[PDB]
Amino acid sequence: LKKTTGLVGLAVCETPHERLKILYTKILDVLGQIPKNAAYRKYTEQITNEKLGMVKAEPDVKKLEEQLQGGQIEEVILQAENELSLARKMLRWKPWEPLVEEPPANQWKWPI
Amino acid sequence: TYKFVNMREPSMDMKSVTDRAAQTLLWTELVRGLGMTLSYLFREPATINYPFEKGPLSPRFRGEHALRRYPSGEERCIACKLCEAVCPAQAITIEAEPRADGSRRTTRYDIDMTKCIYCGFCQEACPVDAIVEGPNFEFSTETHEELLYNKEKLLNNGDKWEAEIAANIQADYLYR
Amino acid sequence: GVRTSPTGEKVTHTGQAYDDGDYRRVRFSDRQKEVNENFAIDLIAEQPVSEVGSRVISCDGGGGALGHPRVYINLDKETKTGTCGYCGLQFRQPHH
Amino acid sequence: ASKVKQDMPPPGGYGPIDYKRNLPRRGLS
Amino acid sequence: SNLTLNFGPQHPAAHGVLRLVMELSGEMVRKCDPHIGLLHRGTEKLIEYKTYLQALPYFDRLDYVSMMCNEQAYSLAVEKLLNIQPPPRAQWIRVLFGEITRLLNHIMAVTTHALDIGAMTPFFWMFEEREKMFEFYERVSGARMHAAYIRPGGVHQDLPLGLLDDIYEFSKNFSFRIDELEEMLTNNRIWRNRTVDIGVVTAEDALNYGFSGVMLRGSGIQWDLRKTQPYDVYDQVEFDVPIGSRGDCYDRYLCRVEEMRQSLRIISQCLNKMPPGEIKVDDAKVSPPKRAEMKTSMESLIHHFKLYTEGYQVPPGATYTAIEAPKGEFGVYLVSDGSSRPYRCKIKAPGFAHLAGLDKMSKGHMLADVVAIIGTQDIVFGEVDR
Amino acid sequence: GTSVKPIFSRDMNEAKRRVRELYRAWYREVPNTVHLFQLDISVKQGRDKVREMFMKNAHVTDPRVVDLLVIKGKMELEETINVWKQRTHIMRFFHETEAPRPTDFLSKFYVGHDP
Amino acid sequence: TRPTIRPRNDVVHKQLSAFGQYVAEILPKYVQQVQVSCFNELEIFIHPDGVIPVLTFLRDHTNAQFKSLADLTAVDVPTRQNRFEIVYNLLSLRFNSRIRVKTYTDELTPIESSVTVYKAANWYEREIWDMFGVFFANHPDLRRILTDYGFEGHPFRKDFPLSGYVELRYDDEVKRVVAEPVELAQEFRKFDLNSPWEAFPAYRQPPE
Amino acid sequence: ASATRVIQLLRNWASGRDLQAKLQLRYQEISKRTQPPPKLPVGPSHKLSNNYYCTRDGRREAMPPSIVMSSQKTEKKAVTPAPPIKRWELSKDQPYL
Amino acid sequence: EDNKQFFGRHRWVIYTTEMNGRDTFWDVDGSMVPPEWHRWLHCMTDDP
Amino acid sequence: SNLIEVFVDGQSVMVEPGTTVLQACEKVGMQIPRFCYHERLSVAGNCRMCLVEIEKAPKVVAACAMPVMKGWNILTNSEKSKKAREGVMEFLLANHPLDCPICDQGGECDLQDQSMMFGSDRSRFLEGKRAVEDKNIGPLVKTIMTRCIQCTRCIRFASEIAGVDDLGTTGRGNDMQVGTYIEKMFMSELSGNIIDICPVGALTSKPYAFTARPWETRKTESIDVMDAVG
Amino acid sequence: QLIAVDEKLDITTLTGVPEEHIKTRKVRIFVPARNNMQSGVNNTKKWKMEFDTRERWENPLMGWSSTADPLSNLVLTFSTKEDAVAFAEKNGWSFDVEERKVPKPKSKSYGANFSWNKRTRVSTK
Ligand code: SF4
Ligand code: SF4
Ligand code: SF4
Ligand code: SF4
Ligand code: FES
Ligand SMILES: [Mg+2]
Ligand SMILES: [Zn+2]
């Protein structure tokens with residue numbers, strides 16, 4: 001129905017609800033491998049669950065775009081893809097561990 | 001609030017297609033551009049007859065520096081060195097000492113005009129309106145050394161351009 | 001108040017003049033030396049001393065905001081006039 | 001005693017300034 | 001083996017000090033490698049040796065096509081660090097002259113791009129308007145381009161008593177000049193063939209490569225700093241943001257022409273709404289007092305002395321202040337250590353990021369296409385090289 | 001362990017091997033540099049200059065410093081090969097114009113105050 | 001307090017503090033400190049090993065979306081053991097926000113290149129290497145960008161003299177441009193401008 | 001301008017618009033180059049009383065940055081750096097060029 | 001003067017043929033204008 | 001111990017009895033503004049620039065002469081202290097001459113600096129200023145007494161450090177002048193130090209006059225060889 | 001992984017400074033003395049590192065002050081003496097360090113100006 005999404009290099013997506021459902025389910029499956037105590041997992045699971053719930057309850061595309069606050073649902077799909085990539089990277093990085101190293105005594109002291 | 005610049009598609013009417021074909025085959029836009037050039041050809045040119053005519057200037061104009069005097073003929077400069085301290089290019093060099101009558105006066109006042117950025121900070125800093133940027137701008141030399149001004153040259157510039165410098169100051173000191 | 005050096009060079013108001021043995025005079029060969037002819041000390045010496053009827057006088061150099069910062073001069077000494085530290089003008093009380 | 005004098009727009013305002021693009025049709029069929 | 005070519009610095013289309021090393025297969029461009037620094041003057045290190053007032057003309061000389069805008073960005077950074085606020089009339093003057101500066105820069109950009117492509121005529125038509133705006137600059141400051149008018153407390157002097165009328169006279173006529181330019185270029189098939197689908201950049205690549213300004217808006221990205229993060233009085237003026245659709249040179253040309261029209265609109269609004277009052281902050285520990293006060297008042301004289309010898313001290317801290325300069329996002333990362341001299345000043349210029357991406361935009365193009373792409377990025381190397 | 005991480009090399013042996021690689025590349029490049037830039041020096045002169053430039057940093061014992069020196073030398077060679085440098089840049093290595101500064105005490109005493 | 005004082009914005013301050021807490025919670029491994037300045041700027045000090053993770057998070061997380069790299073630069077502070085301070089300024093268009101990430105390094109410790117996260121970094125890192133001598137590991141093409149060919153030293157370092165060490169002139173004996181030790185007809189005149197009186201009591205340091 | 005009427009007609013026809021209405025050259029409608037003197041009002045702080053500098057001195061109200069989560073030492077919903085930016089509106093003045 | 005020409009052509013100077021010591025029939029330049037007429041000719045004022 | 005606990009802005013400090021408020025404040029790095037107090041001279045208490053607020057005390061006290069009491073909380077940056085500093089600086093500048101460009105104390109003036117850091121930025125003094133005739137005390141010390149602020153530092157230095165009682169004050173009220181009352185040379189082997197102690201340009205160096213400004217100078221720390229004192 | 005360099009820190013070969021300005025230079029590390037003309041002490045808090053003074057001569061034209069050493073205006077600021085020493089050692093400069101001179105605590109008494117029998121009683125106020 002929509003043509004010329006308005007951003008160069010971004011393609012109009014037909015059937016965006018199913019794409020969003022697939023991406024959010026994949027994000028949740030990847031997050032399932034992260035420890036339950038990690039703040040990253042709980043926070044992004046929360047936001048992903050809200051977005052998935054709003055997608056599941058709205059058959060209209062424009063109303064879904066307005067509810068998501070996502071700006072041209074093609075960009076919402078792109079953001080879901082970016083989040084999935086980040087989730088895989090965070091699974092590899094394990095940034096929920098304690099601080100690697102404390103800074104030197106006066107490393108961040110300003111002025112001088 | 002935004003607007004699109006290039007989001008218009010053309011009508012597919014038979015007559016509209018005919019106008020587009022006529023424009024493609026008969027070069028109507030290029031004739032329009034030629035008409036614009038032709039209309040400009042018959043306008044009066046904007047050229048002025050330099051040097052017999054000059055471009056407009058303002059009393060605030062910054063040009064060749066000059067050292068000024070009081071009406072009695074005594075120099076205004078008292079060697080506070082505020083202009084030397086404010087100069088962004090370090091183009092001013094000052095040496096002073098007590099004069100024979102005890103007055104506080106400079107013995108060296110040099111401005112390197114090849115270092116100067118002609119910002120006018122020196123005349124804003126000066127408390128006695130001693131150093132000013134004058135109205136002269138036609139002082140190109142044939143050697144570099146001629147652009148290294150000493151105190152004698154600057155005082156000569158003041159004596160030469162005072163009749164205009166004072167009048168320019170009179171018209172702008174109420175904005176300062 | 002220009003004077004002539006023994007070598008023939010004009011002496012500036014700062015008193016500078018190259019000596020006979022100074023090679024730096026060669027820069028003035030085929031050219032000239034720039035000397036300002038109006039000497040500020042001699043010019044300010046010509047101004048008459050202003051008689052005022054008060055112990056303390058005020059000076060701003062003339063022209064109001066176009067002069068120098070306004071200063072106040074004491075004139076209690078009878079053997080010497082009061083001199084402005086900016087303008088050089090002299091003030092005194094009626095004596096004799 | 002004189003009032004403040006400053007560079008200001010005239011009483012009321014300035015006249016409207018045209019900014020929209022203007023290209024006439026100027027053609028036959 | 002490809003042919004290796006030096007494009008510039010002595011080249012009409014090289015903008016003076018660009019050394020483009022190009023690898024070409026025939027006339028096809030296989031690789032672009034921009035060598036810069038031929039105008040690197042070490043501005044930031046020199047700034048480290050000046051006071052905050054003394055460092056201001058460096059920002060004039062940074063992007064010598066947009067002077068008041070650089071002054072404004074530096075002044076906003078210093079005001080943010082100083083925790084002071086310029087008076088409203090100063091802010092309106094700043095926005096008015098920033099829009100005039102935007103007109104100057106857009107004229108220069110469009111006309112030089114046309115000259116590089118081959119349209120030599122609109123350059124002369126629009127540089128007369130540029131000359132009149134230079135006259136406005138000189139009347140307000142005494143300098144045609146390097147004004148140093150905008151200061152970190154407001155503006156240096158008030159407008160002369162007849163300047164607003166002359167600005168109105170110029171603005172009521174500038175639209176016809178834009179119309180003549182568009183008649184020359186907008187619908188010309190040679191111009192469109194030279195510009196359409198040339199240097200096409202996607203929205204995502206533009207965002208990742210650090211693009212800003214027109215380089216973003218031509219790709220459809222709805223972004224503008226004066227609308228999203230307004231700084232002086234831009235929240236009190238109404239204007240429209242042009243948006244491209246194809247991400248090529250033609251859409252950027254159209255965006256710049258419409259931005260000139262919108263600058264005319266903003267200039268009209270600023271002319272009508274200019275308020276009275278003082279022009280610099282009423283704080284003599286930051287802004288110098290008037291000359292009449294300096295010659296009458298002891299405090300005024302002391303503060304004049306200390307401001308013009310040592311300068312004001314800025315509390316320790318670090319800021320990043322950005323403005324929508326006519327060429328994109330112009331930013332200053334300013335670090336103060338409590339002294340009267342800046343500890344560190346990093347200048348962010350849109351030309352740096354735009355030129356770092358010239359190789360990406362020139363892929364699959366010819367030599368003339370690369371000339372057009374250099375023209376469409378609006379590169380001035382004073383800000384690129386610093 | 002002093003909590004220091006390497007750049008490329010972990011000990012002096014790898015740093016020395018990288019030094020030898022860079023030296024080989026420079027030695028091979030010298031004749032091409034002489035031909036392309038049209039220098040009035042012999043290949044032997046340029047190779048002796050390369051040897052002198054390498055020996056100027058012979059006292060280094062830190063593998064990280066040797067690594068950074070090799071990286072800078074690689075950038076210098078890449079500048080030379082791609083003709084980014086000019087004849088002036090290449091000939092700055094020889095100081096043909098500079099007058100030699102005397103090193104003995106008496107000459108320094110006669111000319112001025114610098115030690 | 002109204003006319004001459006810059007007004008405050010507590011709403012933005014609260015939002016930035018909440019997001020700084022959020023980022024610190026999500027990445028405990030690398031985040032060492034979070035600050036919000038009095039003019040509402042959020043600063044995150046991280047360990048040098050977290051350059052790639054943290055930035056990637058800030059670019060790809062749905063709540064961050066800091067897609068634009070506004071500026072990347074270095075600061076030289078000789079009194080610190082880790083001499084150099086690397087500053088990343090990021091812009092989020094989705095949430096209309098700006099963030100700053102700061103890390104540290106010295107003359108011999110390389111910093112991981114962020115070209116993969118942001119293409120825009122490619123030149124900035126080069127500039128840092130040119131001006132401060134900080135080496136970036138895994139950079140696609142790391143070389144001088146601003147200085148002259150064969151320039152020795154890094155000018156933006158504090159111990160580098162203002163006028164440098166060499167100057168250029170044309171010599172007719174060799175018919176080319178030559179570099180010689182720098183000599184100045186007028187030496188730069190250093191000014192001692194600092195006042196011997198304290199200006200800002202709020203920034204006074206303990207007297208040890 | 002001083003152009004002949006026939007030349008004005010030719011210029012108007014070639015350009016397609018009325019040139020004499022908007023001339024690029026400035027003849028007489030500009031401001032006079034000699035102006036009366038201004039008065040230039042004073043700022044808010046030029047009062048004689050109730051003007052203590054400590055009540056209007058912004059430089060001393062600047063504070064060091066407030067530390068959040070120094071490393072030296074429920075629901076808990078997620079947060080964003082700011083609320084999402086609102087979608088722009090399409091130019092009631094002129095939406096399409 | 002002529003007020004019917006546009007701004008820039010409304011004032012002009014015809015230079016002298018003999019300045020302090022040189023023949024300026026052909027060789028003239030802008031530095032030959034005295035400061036008062038310099039102020040008038042560059043439109044810094046309306047008063048001759 | 002014998003130390004007593006005081007508070008500077010709520011920070012605990014342990015000081016010996018007899019310590020003044022100024023010394024307690026400087027024990028935590030806080031320098032109270034001063035004009036007449038010198039740590040090597042006897043206390044004067046006349047300039048009144050050092051007035052500071054003590055918590056729960058309606059009257060500000062002179063920090064240079066007030067011994068600290070047990071449990072006192074010194075408020076060096078409260079509204080009362082700032083207002084006291086501004087008023088005292090206003091009084092000091094009321095009759096001061098507009099001499100900064102021609103004054104040798106230009107970039108080195110304690111009056112200038114403490115006006116920029118603790119005083120106001122405007123003037124509401126709408127009268128005429130006072131003027132004082134100059135005194136000749138020899139070829140070494142140049143005297144311009146209009147710039148005098150009557151801190152009496154020179155008098156105390158001469159009386160105590162130099163053992164010469166030639167300097168004093170004549171008159172009273174506004175027309176009180178520092179001098180010798182007679183044409184008398186102030187010859188002492190330590191007479192030049194009064195140039196350094198004088199916070200303003202009232203006493204300056206005559207051989208040094210008009211030749212340099214403080215910001216131009218480069219400072220080299222060295223040893224005197226004119227005697228064996230070093 | 002870490003490589004455990006156990007050498008002395010020396011960045012001399014990386015700074016690009018000519019060897020003349022490394023071996024023959026002598027730096028001074030010191031807390032600057034208070035300007036005796038003012039009582040403010042704010043300029044005596046930090047440590048400074050400076051270089052030895054070299055020759056300055058007079059320009060044959062205009063009589064300006066010409067120099068030939070690039071380190072004439074180089075002054076560095078440090079918070080502690082140890083930081084300055086570390087910087088000097090790692091840069092290869094030989095240094096001379098002056099210990100901080102702090103004024104002794106004074107014993108002031110206003111009432112001493114009016115002693116009944118001691119020598120501290122003043123003769124005028
Ligand atoms: S105009 Fe500017 S650069 Fe030139 S001497 Fe004056 S202050 Fe210095
Ligand atoms: S010209 Fe003015 S500012 Fe410069 S030293 Fe002389 S009096 Fe001072
Ligand atoms: S003593 Fe200080 S305040 Fe007084 S005139 Fe001299 S410089 Fe100015
Ligand atoms: S001459 Fe100086 S030291 Fe003596 S009382 Fe006056 S201001 Fe104080
Ligand atoms: S310093 Fe205490 S009254 Fe003067
Ligand atoms: Mg003194
Ligand atoms: Zn006078």
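Just so it is clear: chains get the letters A, B, ... in the order the sequence lines come, proteins before strands, and each one is counted from 1.
Interface remark: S37(G) contributes no atoms to any contact with chain E (heavy atom separation under 4.5 Å). With a threshold of 4.5 angstrom between heavy atoms, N122(G) does not approach chain E through any atom at all. Heavy atoms of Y149(G) lying under 4.5 Å from chain E belong exclusively to its side chain. Contacts between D33(E) and chain G at a heavy-atom distance below 4.5 Å involve the side chain alone, from C-beta outward. The contact between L46(E) and chain G is made by backbone and side chain atoms together, counting heavy-atom distances below 4.5 Å. Neither the backbone nor the side chain of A206(E) comes within contact range of chain G, judged by heavy atoms closer than 4.5 Å. For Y320(E), the parts sitting under 4.5 Å from any heavy atom of chain G are the backbone and the side chain alike. For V87(G), the part lying near chain E is the side chain, with the backbone staying farther off; criterion is any non-hydrogen pair under 4.5 Å. With a threshold of 4.5 angstrom between heavy atoms, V332(E) does not approach chain G through any atom at all. Interface remark: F200(G) contributes side-chain atoms only to the contact with chain E (heavy atom separation under 4.5 Å). With a 4.5 Å cut-off on non-hydrogen atoms, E48(E) touches chain G through its side chain but not through its backbone. For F160(G), the parts lying near chain E are the backbone and the side chain together; criterion is any non-hydrogen pair under 4.5 Å.
Each of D192(G), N194(G), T73(G) has some count of heavy-atom pairs under 4.5 Å with chain E, and the biggest count is that of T73(G). Comparing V281(E), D283(E), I36(E) by heavy-atom pairs within less than 4.5 Å of chain G, the highest count is held by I36(E). The residue among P34(E), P87(E), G317(E) with the most heavy atom pairs within less than 4.5 Å of chain G is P34(E). Between chain E and the residues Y124(G), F191(G), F188(G), the most heavy-atom pairs under 4.5 angstrom are made by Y124(G). Chosen from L72(G), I145(G), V75(G), the residue pairing most often with chain E at heavy-atom distances under 4.5 Å is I145(G). In terms of heavy-atom pairs under 4.5 Å with chain G, the best-connected choice from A353(E), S339(E), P316(E) is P316(E). Between chain E and the residues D76(G), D130(G), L93(G), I5(G), the largest count of heavy-atom pairs under 4.5 Å involves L93(G). Chain E forms the most heavy-atom pairs under 4.5 Å with one residue out of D141(G), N96(G), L69(G), and that residue is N96(G). Considering only heavy-atom pairs separated by less than 4.5 Å from chain E, the leading option among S68(G), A70(G), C38(G) is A70(G). Between chain G and the options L39(E), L82(E), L355(E), the largest number of non-hydrogen pairs under 4.5 Å is found for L355(E). By number of non-hydrogen pairs under 4.5 angstrom with chain G, the leading residue of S340(E), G210(E), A356(E) is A356(E).
A salt bridge links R80(G) with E85(G): the closest approach of a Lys/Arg side-chain nitrogen to an acidic carboxylate oxygen falls below 4.0 angstrom. Salt-bridge formation is not detected for the pair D106(G)/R83(G): no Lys NZ or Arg NE/NH1/NH2 atom is positioned less than 4.0 Å from an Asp or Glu carboxylate oxygen. Between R204(G) and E198(G) there is a salt bridge, since a side-chain N of the basic residue sits under 4.0 Å from a carboxylate O of the acidic one.
When each of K80(E), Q72(E), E79(E) is tested with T321(E) by the rule side-chain hydrogen bond (donor to acceptor under 3.5 Å, both in side chains), just one qualifies, namely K80(E).
Around atom CD of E167(G), more than 12 heavy atoms belonging to other residues, nucleotides or ligands sit under 6.0 Å away. Within a 6.0 Å sphere centred on CZ of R2(G), other residues, nucleotides and ligands contribute 12 heavy atoms or fewer.
Between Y231(E) and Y234(E), the ring centre distance stays below 6.0 Å. Under the 6.0 Å cut-off for aromatic ring centres, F156(G) and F132(G) qualify, their centroids lying closer than that. Checked against the 6.0 Å centroid criterion, the rings of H154(G) and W129(G) qualify as a close aromatic pair. Taking the ring centroids of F352(E) and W123(G), they lie under the 6.0 Å cut-off.
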Checklist entry - Could you walk me through whether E329(E) and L91(G) pass the side chain to side chain contact (heavy atoms under 4.5 Å, CB included) check? => result CA-CA 11 Å; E329(E) 182 199 280; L91(G) 165 72; 4.0 Å; yes

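With contacts defined as side-chain heavy-atom distances shorter than 4.5 Å, the pair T319(E)/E41(G) qualifies.
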